[PDB]
Structures are given as C-alpha cells and as structure tokens.
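Here the structure comes first, spelled out in structure tokens, and everything after it is commentary.
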Ligand SMILES: [Mg+2]
Ligand SMILES: [Zn+2]
Ligand SMILES: [Zn+2]
Ligand SMILES: [Zn+2]
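Residue numbers (PDB author numbering), protein chains in the order written: chain A, 539 to 821, 834 to 1123; chain B, 294 to 342; chain C, 148 to 245; chain D, 4 to 76; chain E, 2 to 82, 92 to 388; chain F, 1 to 65; chain G, 303 to 903; chain H, 2 to 57; chain I, 6 to 82; chain J, 441 to 489.
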C-alpha cells in the first residue's frame, strides 16, 4: 500500500487509482479501485507533520506558472475516495496539524454545494433554516442569463435592478453568482408594525416599490405550427373569417396583422389571439385553431419569431412579457430561510425613520427571529450596514468569514451603535420610539411565487366529458377539488344541505329515468316522446330520479362488470 | 436449467458454459463472507457507505 | 452564436427543450455486501452483476437451520447452495470445501 | 312528482338480461373509418350513443352532451 | 344552615349522582368558611343545574366523525421513535388491534408480603423472569473429541439467576431423555446415548440451549422500579395468564400491554378499559390533550361484538352492513363482487352511500323533520 | 442591468455620479472616500451605488428587432 | 380497465364520488388583516366580480337587484347572469342590460356579484379537523389576496409564508343558512378536541398585552384616546387618572385593559410569569380570607405573576399566554362560557387591536445584543463544558479498564452510552441555567419566550450558551467510517466531541464538524416529519371511515345505521366535549365561587 | 323546549327557501336585504310558523 | 382462588332477569339483536354461569359520570 | 444533482440521513422537502468524480 501510494505521488501511475489497507486480527485485505462512479475530494498530503504544499506552490499558482493538474502531478494534493479515506487522518486547519495527521483540509467551506454557499455565515444558523435558504436560492428572480431576450423558454423572469450581495462568501465570485445576481439588498428594520407583519408576513415601503425596488418582468412564450395533414390538407396562418365555425369574436383579432401574426409591442389581455390559424374540417367550413393568451394572464408582446420546423412546416413563436410590480401576497425570502408574503404596502410618510435619516425598505416582525434561531441574519444585517458605511464588501465565507465582534467594533467606530440599534421616530405620531430599533441591510430575494400567477376564480365553465365534472387547472378554467377530507369536515359540522349543494348541486347534478319494476335505467326516446324500460317493458311505471352523474357512471361501470344494481325507488314524502 | 445457469447466475462472470468454475468460486467466496459474518469473524457491511 | 459565455453546458437539447441527465447513486457493481436481517433471523449477502446493461441480483443467504441458500433470477423458489455448487461443475465435496 | 332511491339490490346480470338491455350487437373491431365517420357494427356505433357534436344517436335521437349512452352485447 | 338541609336540597336537585356528591362536598367545605345562607345554596344549586343542562350534547351531532378528527389531528404532530416505543406507532398498533404488539411490557404488582422490601421483589422478579441456557453461557464451543456440545457458565449470572448448579442439571436431565448430563466444577458436560451422526449433534445442541430452566415463557428481561413507597415490577414480554397465578404477585392490579391477552384472561370490558387507558397514556406522554369521550367511543365501537376488532378493512369497516361504504374505503372490486354473489341489499341508511348517491346524510340537519300549518297570513 | 436613477430609499439621484465612482474605484481609489467626495452620505444611497452590477452591455450584444 | 376505474385514489369512488371538483370556488394567497373582524374574510374585487350568488327577486329587494342588473358585469356592484321564471339563463352585457332591467319582476333570479356581509366558506388544506372549514363574512378589497384575521390562524394552522386557501360560495338558501348558523367563526372558538380555546390571541397580541399590563406601564391621555379609537371601544370619557407626572395625567395599562372585561367578572389564577410563589401566596390568602378584598389592599401587594380580576378590574397580574392564548387562556375561556360567543368575539376583536396598537407605538424589536453574555458567564459555560468532557473521558477510561458497572438489562456499551448522554444532558441543562441567570425580563426575546408569545427559553439557550449533543433516533451519532463518524477524529474515539457534542453556540459559531453534526440532526428531524405525516393521514382516514356513521340520537344513544346501540349515552354522561369544563361534566367550584361573588357583590 | 343548532339551521333554511319563491314576510323588513336575512329577522322576532317534529 | 371481578379493569357483571330484560328492550325500543354482544367463552360469562340469550348488565366505572350502565347479550362462540 | 433509485414513499431511515462519508462529496444542507428529503442530493463543491 505504501509503495503504491508513493508511486502515485511520484506520478508514475494515474491518480484515478485509489488504494486502501484493511487490517484486523481475523481478516487482512487490501483494496484497489480504478473504476468509474467514485466520488473523491482533494486533500493536501502531510508528511511527518509538514504539509507537502508550500508557499512556493501558492506563488506559482498565483503567478500562473503552476496549475491544479500540476499540483496533482507532483503528489502534493491527491484525490481520496471513501475507501482510501478510511486510513486517513485529516487536520481541519493548517495550524492544527501534528505528526499523526496524514492529510490537511484544503477548504472546509467547500464541503457545501453551490446553492448552500450563497447563505452568509451558515454556521450561525439552524440546519433546517440553512436547508430552507438553500432551497429558496433557486426560486429567486434576477439576471440569470444575458441572452434571455432571444431565448424561447416557456417561462422566464427578469429583475429590473439586480444587485450583488453586500455580505457574500468568496466562493460566489468564483462560482459566477456575482455576475448573474438574483436579488437586492434591503434596508430591513426589525419592528412590529400594526399587526400586518405577524406570522412571517413582511411590510414593504410604497415609495421604494414605486422607485423600482424588487421590480420583475414575467415572460411566457407561445408557439404555433402550420401542421400538414394527410391528403394535402394543412393549416393556414391568416385572420379567420366571421363566417367560419368557432369564431371567438371581432375584438379578439384586433392585434393581428394580415399574415395572421400579432404585431410586436401590442397590449394583450386574456383569450387574446396571438397567431390566427384555421384547420380543415373533420368528416363543412374550416375550423378555428388560433393560439390565444391564457385567460388569467396579460402583458405586452415582446417578440415574434418566424421560422420553420424540421419537416418544413411554418413555426411561429410569440413571447409575451408582463410587468410585475410587487403587491400583497408576493413571496419574499432572505438567504437565511426567513420567508413570507407582503402583508401591507405602507407609504413612506407613515414609515418610521432613524435619527440619521434612514427609512427601512422592509419591516419584519421580531417574533420570527429568535424562535427559528437565526443569528446569521443579524450578523448579515450588521455586516451589510458596515459594508455600506465603509464602502468595502464584507466577506461572509463559512468558517473563515469576518468575525461578528470585528463587525460590531467597526460599526461602533463608524459612529453607530455596536448592537445595530438606532433611535427611530414613529411615522404617524412623530414621537420617539421607546426602544432602540434594530435596523440593517439584508439581502432579500423575490421568489417566483407571485399572487398574479396563483389567483384562480371559477364560477362556471368547461367540464370533463367522461364525468361531467369541472376540469382541473387554472389554464383550462378548472374548479377547486372538494376532497374526502372536506366532506369529512362538512359531515362533522352537521351541514347536510351544504354537503348536498357542494357535492351534488354545484358539481354533477343530473336527472335520469328509473324503471320501478326491475330497477333498471329506463330509456327516453326523443323521436316518439315516450319513456320505457327496454329490458323489462313497463311503459307506465317510470319515475325521474335526480342524482350525481358520477353515480350514473358508477352504475354503468357496474353493469359493464356484469353486476346488476337494482334501484328501489321511494317516495319523497 | 442450463440456460438459466448460463444467463442468470452471475452474468458478469460470463454466459459461456465453460465459465462455470469462476461462478462456483464466486459463490464460494460469497458463502465464505456469509459464514464469516454469521460466526462473528467479520463485521457487517455498510450499504450507505 | 447567441450563447451566454457563462453557460456551463453539459446538457442535451431534444426537440428544442434542454434535457439534463441526473446522476444515479447506485450500489457498486459486482461487489458483495453482507448484512444481517434481525427480523427474519438470517444472514444474506447480495451482489449486482452487470453484463451488457443487464442486472441480475444474486443472493446467497443462510437461515437459522445453518443451511446456505442461493437466490437466482427466473427461479420462483430459493435453492440450496450445495445443489448449485454441484450443478456448476464441482462434483466431489473436496472441491466444494476447497 | 319526484322519487328518491330507497335501496340498491345487487346481483349478477343474466345473459338474457344483457341481451334485452343491449341496443345493438357489436361484431366489427374497427371504430372509425378513413373519413372519420363511425363504422356500423363497430364499437363506436351510434346505437350506443354519440360523442361527436355533429352526430345523432339512433336509439335516443339526441345530440352529444345529453345522450346518456346505450349498452351493447 | 345545617348539613342535613344542604344534603336534602342536593338530593332534591336534578343532577347526576357523581355531580351531587361533589356539589355536596364543596358546599360543606364552603359552608364553614363563609357561612352560606339558604338562598345562596339554592341559587348555587340552580346555577349548577342550569350549567348541567347547558353542557348536554344536542341530538344529531356527528360524534364519530368529530372523534376521528380529534384523534387523527394530534397524530400529525406526534414524534416517531425501557424500550417502550410510544408515539404514532403505538397508537397505530392500538387502533389496528395488533395481535402481538412490538416490545410487550407487563406491569406486575406485589402483595403486602413483597411490596415493602427489595429482596422479596427481587426474588419475585427472578421467579417471573425466564432464564435459559444460552444467556447463562459465556461462550459457545462445539467439541468433537467427546462428540457432544460442552457448556460453561459464569458464576455471577448463575448466582443472580437464583438457581444453583444442581437445579440446572436436574432441570435438563428431567426435560431431556435422549442424552445424559454430567457436571464437575462450574462446567456442563453432555454425553449422548445413541447419537453418532454429526448432523444430529446440531439439532440437539440448539434444543438444549433454548430450553427454559425457570420462569414464564415469553419473558426475558425484568426490571424493578420504586414509586409511591411501593415496588412495581416491569418485564419485557407478555404472559398474563401465567403471571396471574404466581405466588408473591398481586393479581388485582397486574396488567399487560397486550389487549388481546386482557380480553382472553379478564374479559372484553377489561379489554375496552385497557384500550382506553393505553390511548390516554400515549396521548398524555405525547403532550397532546384529547377528550376521553372520543377514546371511549372508539373503544366501544372496537368491542361492539364481544371481540377486539381493528379499524381497517378486516375490522369495523369490514363488518359494515352497507355495500357501498365497504367498497368505497379500501377494497372495491372484491366487496362489490361478493355482494353480487350474495344478492346483498343496501338500505342506504349510512352517510357514505348517501354522499355517493347525492341524498341528504342522516346527521346534523338531515335528521330534522319540519311541519307547518298552511293557513299562514301576515 | 443599468444603474438606478434614484436611491430606492430616499429618492436621491445617484445615476449621474455612478460612472465617475466606477472609474475612480477601478483606478485604485478607496470606494468609501470616493462616495464621500461625491456627496453620498447616507448608507442607503451607498448601498444602491456599491451593490449595483452593470449588465446592459451583455444584453445589447443579442439582437431582438 | 374497469377494475382500475373503481379502486385506488384516482378511482370512481375516491376521485369522483366521495370527492370531486366543484363550481363557484376560488383560491389565492392569503395575507394578514387585523383590521377586519374574526367573522370576516377579505375577498378580492376580481374574485368578487367573478363569483356570483343567485338571489331571487322579492318585494323587499327589487330595487337593489334592478340596480345590480343595470350596473352590468363590468361595474361593481353588478350582475353577470339573469334567470327568468321559465328557467332559462341570459348572459348580461352592455347591449341588453337595460332591456333585462326593465323586464325584471317577481320570481326572477339575479346572479349578482359578491357584496359585503355575504356568507362564504373558507378552507385550508389539509382538513385535519372540522375547524378547517368555517363560514366568514365577505369583505371586498382591491388587491388580489385573501385576508384572514390573525386569531383565526390557529384553527386553520395557517401562516403567511406563501399559504393559499380555498373559498366556496353557497348557492342555495338552505346551504347559506346552514353555513351562517352552524359554521360561523365565532361559534367554534372552543375546540371540541380538548374543550379549550382555539381561536385565541397569538405572539404579537400576547406581547402587546404584556407590555400594556405590566407593572410600571403608564400612558398619556393622547395615547389612551388613540388606542381606544383604534380598538373600537365604546368609550366616550376617560376614567380618573391614576397618577400625575410633571403636571401631566397618566393612566395605568391595567385601567385601560379593564375596560374590555365585563363589569360582573371575577377570576384569579397564576400565569406563566410567576417565579416567586411567596408573593402569590399572600394574594391567595387575602382573597380566601375575605372573598371580597379591598381594591386598595390588593394593589398594595400586587404581583405580576398572579392575575386577579375583581368586578371587571385588573387589580394585579400581567397578560400572557394564560390570559387569552390558545389552549391556555383562562380569561377567554371564561368569557366564552359565561357571556356567549358574540361577547367573546367582540372582546377578542377589541383586545387584538388594543394590543397591536400598544406594541406598534411603544416599539418592540430584537437585536444581536439580546443573546450577548458577559465574560464571566462565558467562562462558566466553558468550565461546565470542560468538566463534562473530563467526566466523559473518565467514564471512557473506566469502561476501558473494566471498572464500569453494567446497568440492569443492558451490556457495557449501552450503559456507557446512557451515562455519556445523561452527563451531556446535565451539562446542557447547567449551561441553559447559567444563560438564563444573566438574561433578565428587560430582554425582548426573553419576554417573548416567557410570555408564551413565540419561542422557548431553550431557543435562546442554543444561541447564547451552546447547542448541546446532536443525536439521531435517540442515539449518539455513529454513521460514517470504521470506528469514527468523521475522518478528522481518531478511530475508536468515544469522546463527546467526536460523537456529536456541539460545545459552540449559534452566536459563537459552529465548527465544520459541529456544522456536519447539526446538519445530520436537522436532516433526521425533516425526514421524521415527512415520514410521520403520511402515516398520520392514513390513520386519520382509517378512523374516519370506521366512525363516519356514528351520531347522537334524540334519546341520547349512539347507534349504527343497522340499529345496534354502540353507546346508551354519548360519553357515558351525554355531555359535548366542546362544552365540557376541562374534561369534566360541570365545574362545580367555579359555579359556586361565581354565584357567591355575584350574590355578595 | 329549546331549539338545537341543527333544528334552527333547518328552520332558517326552509323559511329562506319559502321567501325566495313567494311566502311574503310576516314582519316589516328593511329594503335591500336577502331572503336569508329576512328569515333571520323573523326568527329573532319569534314569528316563525315552522315547527319541529321529534320522535316519541 | 383469584376471582375475575377483583381486578380493577373488570367491572361488575350481573345477569338480568326476564322482566328486567324485557323492560330494557322496551325502554330503548330495540330488538334482542340490536344490543352489544358478549361471547359465551368470556371469563365474566363463565364466572357468572350465564348462557347464550341472556343480557348482562355491566356497571362501568365512568371517568366522567362516575358509574355507567352497559348491557351486553350473550351469544355463542 | 444526484438522485437515488429508492422509492420516495418508503421511509429509508438509514438511507435518508446524512452519512459521515458524505463529507466533501455530498452537500450536507441542500436537500428537498417532503418525499425527496435525503434521497435527492447535490454534489459538494470540492467533490470529484
Ligand atoms: Mg406556511
Ligand atoms: Zn324495467
Ligand atoms: Zn343514445
Ligand atoms: Zn438613499
């Protein structure tokens, strides 16, 4: 094992080979792995208490004369899989290495993933809070890609003024998050304000919103193809004539050009036609198959792309952009797992201000901070205030970040309180607040969970063909499901008439003819205007019974399963 | 039975009917590991490792 | 070419849609792991054999009776280890022992 | 007036009951032809109901969306 | 006001018997402290009667659905995972009427001769606890020169087991007649009589080591705790019938975790009481406050037919008279086909069937009947 | 992708002095002293100027028409 | 096939018969609104203009419905559809809105927009209990979010971190009447599960009540008038000032709080702030001796830990979770039981606004110095940690030398593990006590933890002193390499630090190994929750299907649909658990005390 | 004799349904109210004609 | 010997008379098949010497009402 | 992203929890919520395959 390790360190053999030694009184085994799928990490080789990495190697790396592969080649740094690491003894820090140590950790902060490194000071937060912050880091909005306008993504978001965090880890610069930020720095004051920020809710300044803070644009791309059918039939890109079937209306084609394509920079609403298309009839005039905006969505047409598919058919892609000014119900989350929707938009005159002339952009309730054990948020606020005052960004890397006490000392030296508390005045009364309010700069991210895309209201509309029940989804104007648990609470409340109105009257109410002789479903003949039971007869004793259409479907399924349900009718009174 | 033995019992040894000594030796190694774990000679294997 | 320089790549475009393959954390192929089932009171070793994309679960288990058993795919019931040892070419008991 | 369901009696359908309650006999496996019209004697025969809006049921005389459908055998 | 007058007024008042005694005791306690008058006592009695009338539950309440919701909702905040394993698995096992609960625990009480001193409790526990040969042995070694298994035991566990060496060798010799047992020093030597095959040695070696030398079957671990100046014995494993007829054990307060053993030994009513007690104890340990009326309703529904029944497809739901209610819960095809075979008739007297059809449910406002005189004018 | 015209907090105009601030920062000057010399006193305006990242030039290269 | 179309979650029974999608429903994100009553819900204008309620034209509402028809679907308040007595539906547009309006008569149906005072169903999923759906009153708001009052959140278990809720509009008169009578919010203040308050005050209300009613809290005339106007209390003249400071009158917070209580209410108990029982003992003795103590005598020995209300006047004590909190509010529970649900609803609506005004303008905040500790406290915590580590090392050495005594029923390894865990738990408790010693009542986080508003003392302990021992499945961390959780520790090391004992705190900063251990613990907790939820739901469904048909008959018995008597009397006493006093039939002592006080006062 | 919540709800629903399709109000009511509000006012005035049949 | 009724979990069991059973049936307006059932092999039944067809009056120890009366009908195994 | 072939509905208590061998290979904090907790993982920043 020692000879193989020495040969690998000398560069005689490849670095993919990993060797491990297993020693025991009963068994003695040596394992060598050189296959695929092994996840390894680099470690600095430590020999007799001295690491192999010296200052000369660092100088060569900085000067550019040495690369990482060169460092791997000399055996200074080696990749260790899980099997080889069983025999290793890694020191966490360079000043903690001894003669017993066999390896030295390169960067303890590198054990986290890319989204997990976005959180500043993760060691000062609870683990579930760090998990939530890592999860919500992928839901933020910002300048993700510079070529967003030419892309044809189905959904897209764009923050108008993205900002690099003032408190950020050094890994974020190397990863590339600083070039493509997804949030803004918010002046946040921890204060209870009129009960509108309780239960994780937040309060946002009206003037800040009107000045462009957290402004976002939502993109949606629609596509239309001039499909070709058998026999030479094909779709046509033109404004449909009023005489054709399926005509939506005159006002729905007001934005269409003579080629059937919508003009760019045209304001559109729900069910507005973007591409005018017609289709050949089935088994008459041509039908209408135009591509329209979603009923609950609106915006302005951004671009129109005219191209062809792989089969030569015409392809038209239309992108619609909608301005998303923050409002009530818009989800906002910090990097430390603190999330909540906007509870109230408060004018700047009513908002409190400090003795230095600082008005918070956001107000968070103090009740949410200590219960979740989030000290990293307070440290980030202090660091953001210090960075704004000094002009130098505060490093927030894990385990090597700027100490909290240093930030407090810098804040005290800058002329502010060490604790970050400032004297604030009430916006409405104008009097001094009895307590010094903690206020700082916290990086806040706007998430894609917007109330504009979540509000759904259905009264009546399309139903499923099979069950005669309301459809599913906001795009298809569907209804809300009244599940088994909802029926359970309705039963527990003792509301029988409410249950009848919900499950039967408003969902699938229908009437059927039931034969009173054999219990079979009678047949109504519209030709002769008579109702009779085909299996048994009984042209007279036929009664109409109302029930859910789902029950009729169940009866049909039971009959198809060679099961005869006999409905015994009873008088209402 | 011959087809099942050739194409199902340790295919990574091979499907050629000649390659049966290797399958027998691998099964013997498996039995040795089982007996070592049962008699306390060796410890359990961590699946999550 | 209309591409963002910061795009890392590493994905596929299928019919105009970006598809990314997610790595699967599977067990080590052709590796035998021994485990003890306390509820069933048995010792079972399992290996996953790979050959041209085909995976077969070969299981060697020993019950409370002290008799080893071999589980083979396309066989509805477990069979004895000695029977497989005999059918695999080892006739005499000396070869099976050695 | 109106009547409600008092009780439901279950059982096994007899072949005679299946024959009597059937509106048509199905023997052609094919459903639709090249033109898209339903095939007489097929599974989508108009005697069993209508799905297409322009179609008319031969047993009920009603249009799609209000014809309850009819069993075959 | 004399106590006789207060007692007469309490008896004359319309109240339950348990309320009457508590009210009389409270009135007696408050009479000497504040010198209550007759009118004050009468007003107190009237207020108590009014409060009792107000607390009565109105007819038509969906008590079963409310009980199910009030039991299931606290289970959404329960915690998963000596060796008592309470929590959501415990309540799941209780409501599912598991025949053998995981880690059974038997609570054993002692009479007046053993509940005061620790030595009597220890010897009662060692009598209850089942000790076999495999736990007493330090190591297992198969010997081939004598062609028989050899057993050695440590002195500490042998001394604590309460039986000496002679008791051990008399126990195996009487129970096993195929082979004889010889002993010297602190070692067991077994000698065969007609055993020659090596394979037959293993089948007789395992049978010897698993034979129970003393105690009750199914009990392997026993601990003793002190509470309320009394000694209570807690054992691992449940053998209620055997432990009931054991000297030095009080059978009036002895109970077990297994509700099936309670039903088999004590009765169905005792099984219902044990189910109620187990659910209440689990809820109290989890820190969730649940009214006992829901628990007693669940236990009464569980033991309606004289046997313990689960709440799943094999229990209360399985024996429901409604075909549609049975088919809607878990098994649809099997229940419907079984009803078709028997020609079952569903009277639609339940709630689920009326929900499915679209008829008013027989609960809440569904049971209210209205009448009105037609000649009505403003 | 472009510098905001006004500070998001108090509405103070900062876009006029942003390019001078960026030019002086890239020349090796202390950003705090540059902000002080430009009249940027409150740290909210300093937050707006320091945390802004210019990205419009990376968007202009892609034509939409 | 046919079998798969009937069984399963997506089958005909569960997916279409027992539960199905419904019409006249809406769903959007919820936002807080303390200004509306607990009986009201904020409905968006767009939602209100889409959802319609069919109202028949009668003699007393012909003009209103005619105006609704004339307004049209694009003008609020208007209508979308009109149904003639013949039964046909006519859509309303600009061309025919006048013709329909002049054709309106008795018997027509007008599908007008949602207006203020309408009854709708408000539901949050999952519906674990019957309080998950309640009937509210419609309040129309311009924005796009639902608005729910904060005290109604605990019944729904709803927060405002992106929660969405469903709204249902009943269409028939019988359904509307059933929702208005049975399912109103104020009718379900007391939870039937445990017979205690469920619709109660929460964190900010509790903190504001404590700030208002604590000792030394005084307010000026302007503040008192402003909070009275904000809370909506019907007060026309201020009471006599309690004291004068610098020539300006001042009012005690207890005096302002006493305006909420009824004039004939008397109750005394011990709250969560009682840390000196010797001070409550004198108050209890004074109350017991006389039963009508003088108000001046009570105020002389008043204590914040003992709350005493006499004839609606808060003579002593402070407001906390025991006042009107969920599952612990004695005052709210007494108000519900002795004054009805409408009086309780008014009291809750007034007190929430009053406490919100008090906490808003006084200033409540938390900062980084709330978890700060002096150097002596940190030194004591470090000494405790070092002593615990030394004890663990001594136990390990004793186990290695064989001197460790095995515990009954366990071997050496489990005995050593139990001893180590007990030592670490004792060290954590000692560190928590040391931290609690130096955190006074002036700290806002300590106020929140002690009053029961939000958080616990342990939460402050973790950030201040130390985190403690990280464990999964009730055992110390062991999953990793051979003999060690991490490579950075030596193999075979059974010490505290190598097994998941975090000596650092959140403020001090966790080491990478401690970070990994805390991540393991958090992952275990998240996995436990995500596994427990499914089993709890399955058990709830099984119980619901087992006990769906049981109900109380007119004779007090509970019977199955067949007719078999399950209980000859529900609960063996015929008492609703919702109306039961702490699980008992009748609270005799409370009735006796209240009647005696009423007759002697 | 006192009305239960279910009985009161059923009576109010029946009265509101009657008012919706005829059945003029027996007491003076303010203009612009719903039939449910009229039924609630009638119940508050104690003028309802609908009785409850109970088992005996 | 240890009586089965001395246990704290076992309530008092008493066999109802014919007139008492008829009065119980008349009071609740139920048939003999609408009562809760108890097996003939139950320890309480074999301790009381009852036979299938009888009704057992059970005096439960009610946590809420103090004493509660329950009735069970003896049925064959 | 790294995923596991195990079923999401089953509680894999031994597989969902963070292992000691995930140091430097699997991110300890970035995991999804719900059935994917502990079964869907992400590569560490220092991880090499
Ligand atoms: Mg939430
Ligand atoms: Zn017929
Ligand atoms: Zn038809
Ligand atoms: Zn500014």
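All C-beta atoms in this analysis are idealised placements derived from N, C-alpha and C, irrespective of residue type, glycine included.
The bridge partners DSSP lists for residue 324 of chain G are A/1030. Note on residue 438 of chain G: 16 or more other CB atoms within 10 angstroms of its CB, so buried under the neighbour-count rule.
Between the region 889 to 898 of chain A and the region 961 to 972 of chain A, the count of Cβ pairs shorter than 8 Å is below three; the stretches do not touch. The C-beta distance from residue 848 of chain A to residue 814 of chain A rounds to 19 Å, too long to fall under 8 Å, and the pair is not in contact. Distances from the CB of residue 63 of chain D to the heavy atoms of ligand 3 include at least one below 6 Å. The DSSP assignment places 222 to 224, 231 to 237, 240 to 246 as complete runs of the beta strand (DSSP E) inside the region 206 to 249 of chain E, in order along the chain (cut-off: 3 residues). For the region 614 to 641 of chain A, the residues whose beta carbon sits under 7 Å from a beta carbon of chain B are, in order, 620. Residues of the region 29 to 56 of chain H with a C-beta less than 8 Å from any C-beta of chain G: 30, 31, 32, 33, 34, 35, 36, 37, 39, 40, 41, 55, 56, listed in chain order.
Proximity of residue 468 of chain G to chain H, defined by a Cβ-Cβ separation below 7 Å, is not satisfied. Less than 7 Å separates the beta-carbon of residue 936 of chain A from that of residue 957 of chain A.
Sixteen is the threshold: when 16 or more other Cβ atoms of the shown chains lie within 10 Å of the Cβ of residue 77 of chain E, as they do, the residue is buried. Residue 366 of chain G counts as buried, since at least 16 other C-beta atoms from the protein chains shown sit within 10 angstroms of its C-beta. In this structure, the beta-carbon distance from residue 31 of chain I to residue 82 of chain I does not fall below 7 Å.
Interface with chain A (7 Å Cβ-Cβ cutoff): residue 790 of chain G is included.
Checking the 6 Å criterion, the Cβ of residue 9 of chain F is within range of a heavy atom belonging to ligand 4.
When C-beta distances to chain H are compared with 8 Å, the residues of the region 362 to 382 of chain E below that value are 374, 375, 377, 378, 379, 380, 381, 382, in chain order.
It is roughly 11 Å from the alpha-carbon of residue 853 of chain A to the alpha-carbon of residue 760 of chain A. Put simply, the CB of residue 564 of chain A is near chain B, with a gap under 7 Å to one of its CB atoms. DSSP, reduced to helix, strand and coil, places residue 462 of chain J within a helical segment of the structure shown.
Residue range 677 to 703 is occupied by the alpha helix (DSSP H) that includes residue 684 of chain G.
The beta-carbon of residue 456 of chain J is placed less than 7 Å from the nearest beta-carbon of chain G. Neighbours of residue 451 of chain J in chain G, taken as residues at a C-beta separation under 8 Å, are given in chain order as 829, 833.
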